[PDB]
């Protein structure tokens, strides 16, 4: 039951407990968007206890979207919310309403910055028209270095090398049966 998770570079990763309910509950709350073929994003928020992280809250921030992108718009009000309740950012989640399950260059660039601050940060992608999903992270250090060094123009563009990976099963992410709270800040 004791897991030791090592990055490519030899760095140990702390455990993140993820409620079993989160993927299902996320798809439920963002369904009106999904049905209008609109991507939606969410934040995985939680707490540090005993050298371990717990995802306690799914937060749906103020955002804009298309069929192929979502993006937050008022991160200051989101900070305010997280700061007041002492919620850490441990990862994020978003939908591919019609696409397969993968991390795009847009998502990779977004997630790199989180993972650089928190080696354990994860990105969950839901592909509900395929009925698939996955939990991803960049290869550490090479994947992160590739994205940090990247200056390629274009919202979407390709990268050389593998860059990212699906988290190991089992891994530092441990899915548990647990309560879950969703906070929808949208207007």
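Positions refer to the first chain, counted from 1.
The PDB entry records a higher mean C-alpha B factor for 26-34 than for its counterpart among 120-128 and 26-34. A summary of the deposited B-factors shows that, of 60-68 and 153-161, the stretch with the larger mean C-alpha value is 153-161. The PDB entry assigns residue 52 a C-alpha temperature factor belonging to the highest third of its chain's modelled residues. Sorting the modelled residues of the chain by their CA temperature factor places residue 100 in the middle third. When the CA B factors of the chain's modelled residues are split into thirds, the value for residue 73 lands in the highest one.
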